[PDB]
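Here is the structure we will look at, set down as C-alpha cells.
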Amino acid sequence: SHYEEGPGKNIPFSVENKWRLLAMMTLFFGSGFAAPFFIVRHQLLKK
Amino acid sequence: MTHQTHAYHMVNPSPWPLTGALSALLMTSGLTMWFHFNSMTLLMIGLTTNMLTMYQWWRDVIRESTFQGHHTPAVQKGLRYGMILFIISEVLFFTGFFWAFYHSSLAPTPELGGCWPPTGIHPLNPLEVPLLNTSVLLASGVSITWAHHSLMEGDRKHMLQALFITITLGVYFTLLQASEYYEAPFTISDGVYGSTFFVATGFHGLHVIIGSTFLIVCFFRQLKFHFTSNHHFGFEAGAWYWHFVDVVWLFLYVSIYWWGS
Amino acid sequence: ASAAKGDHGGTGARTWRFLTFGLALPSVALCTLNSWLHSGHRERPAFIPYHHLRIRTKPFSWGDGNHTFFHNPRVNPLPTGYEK
Amino acid sequence: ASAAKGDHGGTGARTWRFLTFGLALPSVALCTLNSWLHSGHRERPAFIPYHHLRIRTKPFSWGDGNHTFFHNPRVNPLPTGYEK
Amino acid sequence: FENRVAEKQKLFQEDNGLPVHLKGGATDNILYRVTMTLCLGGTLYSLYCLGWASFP
Amino acid sequence: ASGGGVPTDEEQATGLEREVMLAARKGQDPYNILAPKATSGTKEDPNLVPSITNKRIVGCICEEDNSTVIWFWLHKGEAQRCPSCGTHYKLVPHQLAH
Amino acid sequence: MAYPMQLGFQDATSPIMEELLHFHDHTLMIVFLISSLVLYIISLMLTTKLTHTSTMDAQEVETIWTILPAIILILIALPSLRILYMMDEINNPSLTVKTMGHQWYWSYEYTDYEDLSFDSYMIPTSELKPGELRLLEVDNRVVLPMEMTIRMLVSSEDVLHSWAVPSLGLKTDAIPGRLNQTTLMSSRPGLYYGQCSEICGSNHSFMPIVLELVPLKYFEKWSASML
Amino acid sequence: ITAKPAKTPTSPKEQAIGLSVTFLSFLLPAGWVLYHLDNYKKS
Amino acid sequence: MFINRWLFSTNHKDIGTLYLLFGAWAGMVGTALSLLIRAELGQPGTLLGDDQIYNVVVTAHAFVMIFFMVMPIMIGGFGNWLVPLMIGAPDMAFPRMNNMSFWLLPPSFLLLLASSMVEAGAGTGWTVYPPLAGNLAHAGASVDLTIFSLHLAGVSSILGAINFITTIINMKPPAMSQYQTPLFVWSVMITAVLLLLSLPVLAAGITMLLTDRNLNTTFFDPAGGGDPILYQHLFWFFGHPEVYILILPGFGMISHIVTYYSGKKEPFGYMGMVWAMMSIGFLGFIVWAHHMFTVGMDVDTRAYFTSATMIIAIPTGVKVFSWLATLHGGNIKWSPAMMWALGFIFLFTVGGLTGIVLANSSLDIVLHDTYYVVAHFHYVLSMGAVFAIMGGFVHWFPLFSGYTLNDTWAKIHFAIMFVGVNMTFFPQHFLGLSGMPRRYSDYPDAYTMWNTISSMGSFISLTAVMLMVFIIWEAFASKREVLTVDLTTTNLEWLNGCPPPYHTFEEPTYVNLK
Amino acid sequence: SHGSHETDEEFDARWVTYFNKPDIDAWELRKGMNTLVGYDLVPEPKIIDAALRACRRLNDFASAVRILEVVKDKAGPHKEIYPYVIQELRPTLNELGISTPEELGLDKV
Amino acid sequence: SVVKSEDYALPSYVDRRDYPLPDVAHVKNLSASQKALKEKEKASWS
Ligand code: HEA
Ligand code: HEA
Ligand SMILES: [Cu+2]
Ligand SMILES: [Cu+2]
Ligand SMILES: [Cu+2]
Ligand SMILES: [Mg+2]
Ligand code: NA
Ligand SMILES: [Zn+2]
C-alpha cells in the first residue's frame, strides 16, 4: 500500500505551500458561497 | 501490525460505489427527461450502468467469499445483521403504502361517492386468481424450505430440485399477476382505488421479480458448487427475502383484495 | 376452516419434500382448476363518465399520452368512452 | 404510533432488568396516573325495561336468585328497575 | 456437474498484486473500462441536459 | 451414510476462513475471535498479552460493572500495570498468525 | 392588529384569546424559572477552584430531577387541556359564514338565507388612502355581528391556505375538499386584521383578512345592500 | 494538547493577507451580484 | 493513486474526511441562502421579487442545511472517523457500501441545485406538501428533481445506518459489552436506528407525490378521492424523528466534550444517559401530529399529541442535568470547545423549552406557522446542532489533521458567532407572538424593527463563518504538529497519535473477561 | 466494592497505612497521591506526613515538594487549611529536611 | 527534554492539578553535575 501518512498526508488536497492552499481554499468555500447568488441572478434574468 | 490479527475483512478499493452512485444520477435525471422532455436515452444508459455495477459488485463479493476465503464467522454474523436490517427498512417502505390505503378506504371522500370501493370501480374477485396467487407463493415457501434442508444435508440433486420448483412457482405468479393487470377493469388513473391498488401490488410485483432473480443467481452458484452444507449465506439471504415477499403478499391479499374490495 | 394434518410439518428434508408434493402442489392444482373452472369473461362495464375515474392531470409519457400502460381495449374505456 | 428505542431489547439479564425498570414499569405508572386522572364516576344509566337485557330464564342459585354475582346496586338495575 | 471451484480459488489467490475486480482476467478490464466510460459520458450528457433545460 | 454431493468446509473452506477454522479445532485463537479470560494479575501471575509486535493496546475493565474501560499500550519488557487498578500485564509473542 | 415594537400577543378580542393570554403567562412564567435555574447551576459549577473528580453516585439525585419535571408538566398540561376542549366545545351558533381560499384572495359566502357571496383582495400599496395599513387592507371586509357566536367554515378551491385572525385567537388551515369548522365570537366592535397562514404561491404574503364587526342591525342592512 | 512549534509559522503580515483574501473571496462575488439586482429586474 | 484513495476508498477515515469536506462546502451554500433570506427581510418592501423566488431560496436553505451540511458532518464525518476508533474496530462493517453512501451525496446535491435552475424552481417550503407541490401549482421538472434529490439522499443514509448498526453491534472487542461503549457511539447507534425506520416512510410519501404528478394517481388529490392531509402524516412520521436524528449525535459529542474538559474519567450517570437517549428515540416516533394542530383533527386526538409530546421533556431533562453534574467537581479547562459545549447546554435548553410552549395545541393554534416556531427551531439547530458541530470540530481537529488550531482565534470566532445568532433569532420570538407569519417576503410595517435587528444579526454570523475559514487556513499554514494529549486512558480515539495511521487496530486491542 | 463505604477514620487509616508500606515503590507513590486528589478533601496531616516520608524512602525530594503544593491547591479558597497543615507537619518537615514550596520560592510567577 | 511525535505510545509528562505526579520525569537526560545533584539527594535533604 503506497499511502503516505502523517500531518498533511491524510487529506485530498496539498498542504505544502501556505499560499497555494490559500488559493485552493478560497476557490473551494468561495464557489460554495457564491453559487446561490448566481442562481438567483439566473432566475431574475428570465422570461 | 501489517499482518492482521482480527477475523475481519478489509475490502480492496472498488470503483463500484462510484459507478453505482453515478448510476443513481443517470436513472433519476434520466426519469426526469422522460417524464418531461419526453425521452428515454439517459434512462436507458442509467439502467445499463446500474446492471453493470451490480453485476460486478456482487461478482467481487463472491470472489472474496467463495474463492478468496474472506468470510470468517465474524464476517458472516455481520452480513446477517445487515440483511436483517435491510429487510426491516423494506417492511417500513410497504408501510407507507398500506397506510395510504387504510386511510383512503377507512374514510372515503364524498368525491368517491362516500363509499368503498368507490362508485364505478369493479373490484376483482379475491376468490378467483388472487387465491391462486396466494396458494402459489405459499407453496414456494414450503418448497424453498425443502431446498434449504437438502442443502444442509449435502443433497445436491434435491436442493437443485426444490430450488427449481420454487423459482418456477415464483415465475408462475409473475405471469398470472401480469395477466390480471391486463384483464383488470381499473387502472392507476382511476382515482384512489386504482392508485392505491396498482402501486402496492406493483411495488410488490417488482419485489417478486427482484427476489426471483436472486434465487436464480443462487441456482447457478449451486450448479457451480459454490455453497457448502454450512456456508451459504447468499441462500439464507435469498430465502429470507423470499419469505418477506410472501408475507407482504399475504397482507395485500387480506387488505386490498379481500377487505378493500 | 382450520387445519390438523396429523404429523410432520417440521425438520428433516424428507419431511419438507413430502409437504411440497403432498400438500403444497396439490393445492396449487386445485386452485388452478378452480380458477379456470370459472375462467369465463366479465362483460365490459357500462360506461358512465364519472369524474373521479379516468383521471388525467398530465399525459402519460408514452403513446398518445392517454393510454394507460396495461390498457386493455375491451374492459378499459378512455375518458371519452370505450375504445370501440 | 410506532417504536424505535435505539438499542437493546434482547439477550442478557442486565438488558431485561433494564427494560423492566426503564420501559415496562414507567408505562404502568403513566397508565395508572392516566386511569385515575379520569377516575371519576359514570352517572347510572337511565332505566328502560328493554327485553333483551336483565334476562332471567332461571333464577340464580344464590341470594334471592335475582341478583347477579357482582351486582352493583348503583349502576346495575334489577329487571323491575334500579335497586333504589 | 463441474466443481472446479478449487481452480478458481488458486486463481484469485494468486498474489499478482491486482485488486479483486481485475484479478479475474482481461475481460474484467474491458468490462471495467466499459462501465467507467458509460458512467462518465452519461454524467456529461445529463450535465448538458440539465443545462439546456435551465433556460426558457 | 448416503448423501447427495454438496462440499464441506472441511474440504472447501479456503483463505482466512479455513485458517481460523483449523486453529479453532486445535483450540488456539490466532485471530482474536474470543475473549481472553483473566489471571490473578499479581506481579507473579500477570495477564499475558500476546502480540504480533513490540506493543499492544490493553483495555482494562477494572471492575465488572464498569461502563468505562481503561486503555493503555503494553510494551515488550517488564510487566506493566493498569493505571486505575495495578493489575499486571506482560507482553508475549503472538503465535499461529501467517 | 399589531403595533410597532410589539413584544407579546395582540390584545385579546374574544374570551378564548384572553383565556390563552393567561395560559401563556402561566407557561412563560415556568420557562423563566427553569431557564434561570439552569443558568444559575451552570455558573455555579464553573465558579470554584474546589475539585472532586473521583466517581460520584447517580439516581439517588436522578429521582429528583425526574419526578419534579413530571409534576411541572402536569401543571401545564391541565390548564392547556382545559382550554383545548373549551375551544372545541358545544356552542350554538346563530350564523354560519364560509370562506374559501383562492390563489391570492379569499371569497366569503353568507348563505343561511339569501346567497350573499363576494371576494376580498388586498388594496395595492398605491391605491391606499392615507392612514390605511400598508399590507393589511382588503377591499371588502367580512362584516359580522359583534357579540354573537358565529360558525366559520374554512376551505379552499386550490392549494392549501390557512385563515387566521390572531386578535380572536383563530387559525384554521383551508384545505380543498375539506370543510373545517371554527367558532368565532367577538365582544368588541371594530376592525380585526389577519393574514394567510400557509405557504401558497407568489402572493402568499398578499391575501389578508379583515373583520369588520358592527352590531346586528348594521350587519342586516350591510348584507342586503351587499345583495 | 501540547505541540511542537510551527514548522512554518505565519507572521502577522501573512495572517493579514490571508484574512483579507478570505473575506474578499466571500464578499466580492455576492457584492457584484447584489449590486446589479435592479439591472436584472429591469432585465 | 489519488483516484484509488479518494474515489475508490474503503477507509472509514478517508471517507469521514470526504464527508466533512462535502459538509463544509454545503455549509457555505446554506449560509448564503440564509443571508439572502434576511437581506430580503431587513427592510420593508421587496428586494428579490414575488414569494416564488423568495420561497425557492427558503426551501433551498432548509434542504442544504439539514440533508447536506448537518447530516453529512455529524454522521458521515464524526460518525465515520470516530466510531471505529472508539470501539477499537479495524474499519466499518461494509467499507465498500460505506463509500457509496458518500458518493450518492453529490449527485443528490446536483439534483437539488438543478431543481432551482429549471423553470421557476420549487417555492414549496421544505415540507413540499401538495396541492402546492402538484403538477398544476408547480407544473414542471423542478419539484420532481427535488424529489429525486431526496430519494438519493435517503438511500445514502439508510445504507449508512445499516453499516453503523452492524459495526457498532458486531465489531466491538469480545469482552466489551454495549454498556461499555462511549456515549457518542450509543448516540450514533440510536440515530442509525431512527433513520432506518423513518426514512423509508418518507421515500414512500414522496414516491406517492411523484406518481401523483406524473402517472395520474390521486393519493393526495380529492378529485380522485385523495387527501392532501394524508401526505402531511406520512411526511411528519419521518419529519419529527428527523429533528431528533439531527440532535442525538450532538448530544453524544457534547457528553464527550464536557466530560473531557472537566477532567472527569466518565460522564455523570452514564446508564441514565443511555436510557435518556433510548427514550427520546422512542417517544420521537409517536408524536408527529404536533405538526398538524391547525389542520382539522379531532380534539381528543389533538389532546393525545400534546400530552405525548410533553413527556419527552423528562428524559431530555435527565440529560441536561447529568451534563451539569459532570461539570461538577471538575477541574475546568476553558478551551474553545468547552465554550461551544456550555453554549450548547444553555441555548439548547431555552430552545427546547420554547418548544414545550408549542406542544400545547390550544396555544399552538395562534403560534403555528409564525416566526415563533422559526425562533424555536433556530435555537436548537443554529445554537444546538451547529454549536455541537463546532465544539466537536475544534476538539477533534488535531486528531484528524495532526495540526493544532490557534486557541485565541478559536475563541474570538466563538465570541462573534454567539452575538450573531442570539441577535438574529431572539427578536423573532416577538415577531411571532405579535403575529408575523412564516414564509413571507414582506411584512406589515409594524414588524420593521425586529426584522431589521434580526437581519443585522445575520451579518455578524456571516463574519464568524468567514473567520472560521481563515482559522482553518492558518492551522494548515503554520503546521504546529501535536506532541501530547491528556486523558487518553479513557479516550481511545487519541491512542494512535494525531493523525492515526491509515490502518489502526490491525492487531486487536486486548480486553480480559473478568 | 459496591456499597463498601468506610467511616472518615477508616479512610484516613487506610491511607496512612497505604503510604507506610516500606516496600512502596514509585508507581504506588504516584498512584496513591494522584488518587487521593480526586476526593473531596484536603488530606489529613497524618496522611500527608506518611507520603512525605515515603518520598524520602524513594529518595525523592521533588515529589515531596509537589505533594505540599497539592495540599494547598486542594484547600481552594480556604486559606486557613494550608497553614494548619504545614503546622502539624513542621516536625517531619524539619526532620527529613523538606523545604516548603513557599520557602523554595516556588509560590510565585 | 525533547518530545517526539512517534512517542505516542510511551508514557508522557503533563502538568495538571488533578494528576500532580505525572508518569514521566520532565528531564530524562542528566549532565554530570545533575547526576551529581542526584547523588546528593540520596543523602540528607537538610
Ligand atoms: C434540532 C431539532 C429539534 C429539536 C431538538 C426540537 C425539540 C422539540 N421541539 Fe421542535 N421544531 C424543530 C426542531 C426540533 N425541535 C423544527 C425543525 C421545527 C419546525 C419545522 C417546520 O415545521 O418547518 C419544530 C417545530 C416544533 C413543533 C410545531 C410548532 C408549529 O409549527 O405549530 C413542536 C410542537 O410541539 C415542537 C416542539 C418541540 C419539543 C417538545 C421538543 C423537545 O425535544 C424539547 C425538550 C427540551 C427541553 C424541555 C429542555 C431540557 C429539559 C429541562 C431543562 C428540564 C425541565 C423541563 C420542563 C419541566 C419543561 N417543535
Ligand atoms: C440545521 C438547520 C438550519 C440552520 C443551522 C439554519 C440557519 C440559518 N437560518 Fe434557517 N431555517 C431552517 C434551517 C436552518 N436554518 C429551516 C428548516 C427553515 C424552514 C424552511 C421552511 O419554511 O420550509 C429555516 C427558516 C429560516 C428563516 C425563516 C424563513 C421564513 O419562514 O420566511 C430564516 C429567516 O430569518 C432563517 C434564518 C437562518 C439564518 C440567518 C441562519 C444562520 O444562523 C446561519 C449562520 C451560519 C451557520 C450557523 C452555519 C455555519 C456552520 C457551518 C456552515 C459549519 C462549518 C463546518 C465545519 C465546522 C467543518 N432560516
Ligand atoms: Cu394563501
Ligand atoms: Cu398563503
Ligand atoms: Cu415535531
Ligand atoms: Mg400550516
Ligand atoms: Na421584504
Ligand atoms: Zn484496571
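Swiss-Prot numbering applies to chain J: residues 44-152, in that order.
We read in the header that X-ray crystallography, 2.9 Å was used to get this structure.
Keep in mind that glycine also has a Cβ here, set from the backbone N, Cα and C atoms.
Record features (Swiss-Prot):
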MOD_RES   J:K89  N6-acetyllysine
MOD_RES   J:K115  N6-acetyllysine
MOD_RES   J:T143  phosphothreonine
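Distribution of Swiss-Prot features across the structure.
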| residue | record | Cβ contacts under 8 Å, 6 or more apart |
| --- | --- | --- |
| J:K89 | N6-acetyllysine | J:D55, J:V59 |
| J:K115 | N6-acetyllysine | J:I124, J:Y125, J:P144 |
| J:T143 | phosphothreonine | J:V108, J:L111, J:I129, J:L136 |
Which of the three DSSP-derived classes (helix, strand, coil) applies to J:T143 (phosphothreonine)?
coil
How would DSSP class J:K115 (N6-acetyllysine) in three states?
helix
Assigned element (helix, strand, coil) containing J:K89 (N6-acetyllysine), judged by DSSP:
helix
